[PDB]
Amino acid sequence: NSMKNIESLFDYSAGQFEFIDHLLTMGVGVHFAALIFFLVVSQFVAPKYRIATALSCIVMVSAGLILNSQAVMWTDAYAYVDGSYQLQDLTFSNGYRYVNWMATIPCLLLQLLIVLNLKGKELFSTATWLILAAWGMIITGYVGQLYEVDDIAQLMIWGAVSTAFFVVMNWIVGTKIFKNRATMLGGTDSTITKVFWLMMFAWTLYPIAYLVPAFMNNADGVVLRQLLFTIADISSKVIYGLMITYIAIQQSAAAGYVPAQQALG
Ligand SMILES: CCCCCCCC/C=C\CCCCCCCC(=O)OC[C@H](O)CO
Ligand SMILES: *C\C=C(C)/C=C/C=C(C)/C=C/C1=C(C)CCCC1(C)C
Ligand SMILES: CCCCCCCC/C=C\CCCCCCCC(=O)O
Ligand SMILES: CCCCCCCC/C=C\CCCCCCCC(=O)O
Ligand SMILES: CCCCCCCC/C=C\CCCCCCCC(=O)O
C-alpha cells in the first residue's frame, strides 16, 4: 500500500517532515487528553446516555493509536540524507486512517442516535442502515485511493460511488434528527441541529483531502492533506464528542439525574 500513495513519490525538507510529524503526535496528545475528560465526566451522565460518552472514549483511543502508529511509521520510513528526508522503507500508508474510520464512524453514529432517544427496533434498524452505508462509503473510498498514484480516473469514479453512500447516509441522519428533535430535553433540540451542521462541515473535509492527489500532486499537497485530516479528525471526533457529551449531561439533568444536575450546577 505504501507505493500506491503520493507520499512515497517525494523527498521532504526538514520543515515539511517535522511539521507532519508534529501534526500526528499532537493529534495523539489531543485524543488521549480528551479520553481522560470523557472518562471523568461519565459519572455525571444518566445510565440512559452513559454509553454515548463511552463510545467517545473508544473513538479517542482508536484514533490515538492509529495516529501514534502513523507518527512512528512516518519516522521509520524516512531518513535525512543530503539535506532532505528520503524514503527508506515501505512503512507508511494512509490506509490505516480508513481502518480508523471503519471502526470510529459506527461509534460516532451510534452515540448520535442514543441522544436522539431512539430505542429498540428503530435504534437497531437505523444503526444497521447507517453503518452499512458508511462502510460502503469507506470501502469504496479505500479502493479509490489505491489508485491516487497510478489511475486518477479510477480514484474519481470510486470517489463518485463513495459520495453516493455519503449523501444517502447524511439524508438518513438528518431525517432522524429533524423528526426526533422534539423528544429532546433541557433545550437540546436546539443543540442537536448544530451538531448536524458540525457533522456536515467536518465530514466534508475528508473527501477534499481525498482529492489532493488530483489537484496538488507535490510534497506541499502531502502536508496539506495531513493538515486537512488533522482539522477533520479534531472536529468530527473531539469537538463532536464534546457536544454529544454536553447533550447527554443536559438531558440527564433534565431527566432528574442528580450527579448531572450537580455537575452543571
Ligand atoms: C455522486 C454525485 C451526486 C451528488 C449529490 C447531489 C445531491 C446532493 C443533495 C443534498 C446534499 C446531501 C446531504 C443531505 C442533507 C440532509 C438532508 C435532510 O436532512 O433531509 C431533511 C428532511 O427531509 C427533513 O425532515
Ligand atoms: C474520523 C471520522 C470520520 C467520520 C471520517 C469520515 C470520512 C468520510 C466522510 C469520508 C468520505 C469520503 C468521500 C465522501 C468520498 C471520497 C472518499 C472518502 C472515504 C474519503
Ligand atoms: C489537560 C491534560 C492534563 C492532564 C492532567 C490531569 C491529571 C489528573 C487526571 C484525572 C483526574 C481528575 C478527575 C478527578 C475526578 C473528579 C470527579 C469529581 O468531581 O469529584
Ligand atoms: C454492521 C451491521 C449491524 C450493526 C448493528 C448496530 C446495532 C447496535 C445497537 C446497539 C449496540 C450498543 C448500544 C446499546 C444501546 C443502548 C441501550 C441503553 O442504553 O439502554
Ligand atoms: C470487511 C468488512 C466489509 C463488510 C461488507 C458488508 C458491507 C457492504 C458494504 C459495501 C459493499 C461495497 C463492495 C464494493 C467493493 C469492490 C472493490 C473490489 O473490487 O474489491
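Each residue takes its place number in the sequence, starting with 1. Note: hydrogens, waters and symmetry copies are ignored here, and every other heavy atom, side chains too, is used. Order of listing sets the numbers, starting from 1, for every ligand and every atom in it.
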request  = Decide whether the shortest distance between a heavy atom of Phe166 and an atom of ligand 1 is less than 4.0 Å.
outcome  = no

task = Just let me know how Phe165 lines up against ligand 1, side chain, backbone, both or neither, with a heavy-atom cut-off below 4.0 Å.
result = neither

task = Could you list the atoms of ligand 1 found under 4.0 angstrom from a heavy atom of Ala160?
result = 1 (C)

request  = For the pair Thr183 (side chain) and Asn180 (backbone), establish whether a donor and an acceptor sit closer than 3.5 Å, ignoring hydrogens and angles.
outcome  = yes

remark   = Under 4.0 Å from one or more heavy atoms of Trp158, ligand 5 contributes atoms 16 (C), 17 (C)

Pair up each side-chain donor or acceptor in residues 57-65 with any protein partner under 3.5 Å, not counting sequence neighbours, and list the distances.
unit_1 : atom_1 : unit_2 : atom_2 : d
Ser62  : OG     : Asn100 : OD1    : 3.3

inquiry  = Could you tell me if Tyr142 and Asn1 have a donor-acceptor pair between their side chains, going purely by distance under 3.5 Å?
reply    = yes

Closest approach of any protein heavy atom to atom 13 (C) of ligand 1, naming residue and atom = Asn170 CB, 3.9 Å

query = Where is the nearest protein heavy atom to atom 3 (C) of ligand 1: which residue, which atom, and how far?
reply = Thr163 CG2, 4.9 Å

ask   = Looking at side-chain heavy atoms only, is the closest gap between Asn217 and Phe10 below 4.5 Å?
value = yes

Throw together a table of side-chain donor-acceptor distances under 3.5 angstrom for residues 109-117, partners on residues two or more places apart or in other chains.
unit_1 : atom_1 : unit_2 : atom_2 : d
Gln111 : NE2    : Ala52  : O      : 3.0
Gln111 : NE2    : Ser56  : OG     : 2.7
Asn117 : OD1    : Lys48  : NZ     : 3.4
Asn117 : OD1    : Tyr49  : OH     : 2.4
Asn117 : ND2    : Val115 : O      : 3.2
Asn117 : ND2    : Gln251 : OE1    : 3.0

note = Closest to atom 23 (O) of ligand 1 among protein heavy atoms sits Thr175 OG1, 4.1 Å

task = Find all atoms of ligand 5 within a distance of less than 4.0 Å from any non-hydrogen atom belonging to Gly136, and give their numbers and elements.
result = 9 (C), 10 (C)

Just list the side-chain donor-acceptor pairs under 3.5 Å for residues 66-75, sequence neighbours left out, or say none.
unit_1 : atom_1 : unit_2 : atom_2 : d
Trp74  : NE1    : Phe17  : O      : 3.3
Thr75  : OG1    : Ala71  : O      : 3.4
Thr75  : OG1    : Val72  : O      : 3.0

Neighbouring residues of ligand 3, heavy-atom cut-off under 4.0 Å = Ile36, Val40, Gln43, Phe44

request  = Would you kindly say whether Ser236 and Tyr206 are connected by a side-chain donor-acceptor distance under 3.5 Å?
outcome  = yes

Protein residue, atom and distance nearest to atom 17 (C) of ligand 1, heavy-atom basis = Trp171 CA, 4.1 Å

message = Considering non-hydrogen atoms of the protein only, which is the closest contact for atom 10 (C) of ligand 1, and what is the distance?
response = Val167 CG1, 4.8 Å

Short side-chain to backbone donor-acceptor contact, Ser162 and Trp158, under 3.5 Å = no

remark   = One finds that the ligand 5 atoms under 4.0 Å from a non-hydrogen atom of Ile139 are 3 (C)

Heavy-atom protein contact below 4.0 Å for atom 1 (C) of ligand 1 = yes

remark   = Atoms of ligand 1 under 4.0 Å from any heavy atom of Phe196, numbered from 1 in the order shown, are 16 (C)

task = Could you check atom 21 (C) of ligand 1 against the protein and tell me its nearest heavy-atom contact, residue, atom and distance included?
result = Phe178 CD1, 4.3 Å

request  = List the atom of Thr53, the atom of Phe38, and the distance in Å for their closest heavy-atom pair.
outcome  = O-CB, 4.1 Å

Flag, side chain of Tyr12 to backbone of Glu7, donor-acceptor distance under 3.5 Å = yes

request  = Can you see which heavy atom on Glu148 is nearest to which on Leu155, and at what distance?
outcome  = CB-CD1, 3.8 Å

message = Using a 4.0 Å cutoff against the non-hydrogen atoms of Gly174, which atoms of ligand 1 qualify?
response = 19 (O)

ask   = Do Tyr78 and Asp11 have side-chain heavy atoms sitting under 4.5 Å apart?
value = no

message = Looking only at the aromatic ring of each residue, does the gap between the centers of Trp101 and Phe166 stay below 6.0 angstrom?
response = no

